[PDB]
Structure formats: structure tokens, C-alpha cells
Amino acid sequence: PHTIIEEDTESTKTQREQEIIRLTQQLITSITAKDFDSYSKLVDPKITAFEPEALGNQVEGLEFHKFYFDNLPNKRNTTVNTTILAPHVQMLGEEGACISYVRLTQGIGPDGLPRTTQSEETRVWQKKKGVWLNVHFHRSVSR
């Protein structure tokens, strides 16, 4: 029970930019649904990462995140609702792209408590042999 929502606003993006947004949406769907095959198809095997689970280190490879796919609750236990706020997409020539957005996640905590979480995400995509892959992402949370 999870669905990903984007809201660009009145602004209409480039068709290319629109595809980067759609791909990012698919990736987030892989993460919330914990489908590691779909995640792996969209992400480069040598992706560098900056996330709070890294404790200020930079991590490389898929295994660090495959830990979260193979573990953590399945997804049946609870329901989630992620939302992408103001996605800014900057194309970098023909083979690069950089999408940065605010991620707002609605869910249920330990009890039947509804809570909202905000994180700031930067994802860099590289067009490798006609296929866009996520080569680096950087996820922070405000204090």
C-alpha cells in the first residue's frame, strides 16, 4: 500500500527533464517497495552515496543498500505515501543530468500514529550506453 506522487507546479519541464523525473520516481518506488531488482536496474553498480545511514562517510556499491532491501520489514505491515516537492532538473549535456528535490514521506510509526518526514535529496544521473543510471545520490535531513 504505497504510491509516489510528483507535483512540478504550473511549471512545465523539458521532455528530457520529465524523463529524469519519471526515472527518479521509479527508483523511489523501488526503495519503498523494497524491490531490489528494479532498484538495481536504475542505479549504477558503482554509485557513491551521502546519506545519514553512512554517518558522514561516503559509501560506494550496492551492498550497503541491499542490506536495507534484504532486511527491514517487508512492506505489508504498514502503508506509506511519498511525495516529491519542487523537483529541479538540470540537464548536463547529452549524458549527464542532476535532479534535486524535497522528499516528504507520510507513514505510521510504532503505534497507530501518523507522522511526516522530510529529507532533501540530490540525485545525479548518467546516460551510459543509452540508459540513464543513478551514479551518485546525497540525502540530508534538516535539524
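A residue's number is simply how far along the shown sequence it sits, counting from 1.
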| item | value |
| --- | --- |
| Between 108 to 116 and 30 to 38 (mean CA B-factor, as deposited), the higher | 108 to 116 |
| Stretch with the greater mean C-alpha B-factor as recorded in the entry, comparing 1 to 9 against 134 to 142 | 1 to 9 |
| Most elevated Cα B-factor in the entry, residues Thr122, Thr14, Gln25, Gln126 | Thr14 |
| Top Cα B factor in the deposited entry, candidates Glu94, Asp44, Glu53, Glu63 | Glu94 |
| Chain third (lowest, middle, highest) by recorded CA B-factor, residue given as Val80 | highest |
| Chain thirds of CA B-factor: placement of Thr48 | lowest |
| Entry-reported Cα temperature factor of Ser100, expressed as the chain third it lands in | lowest |
| Among modelled residues of the same chain, the CA temperature factor third for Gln90 | middle |
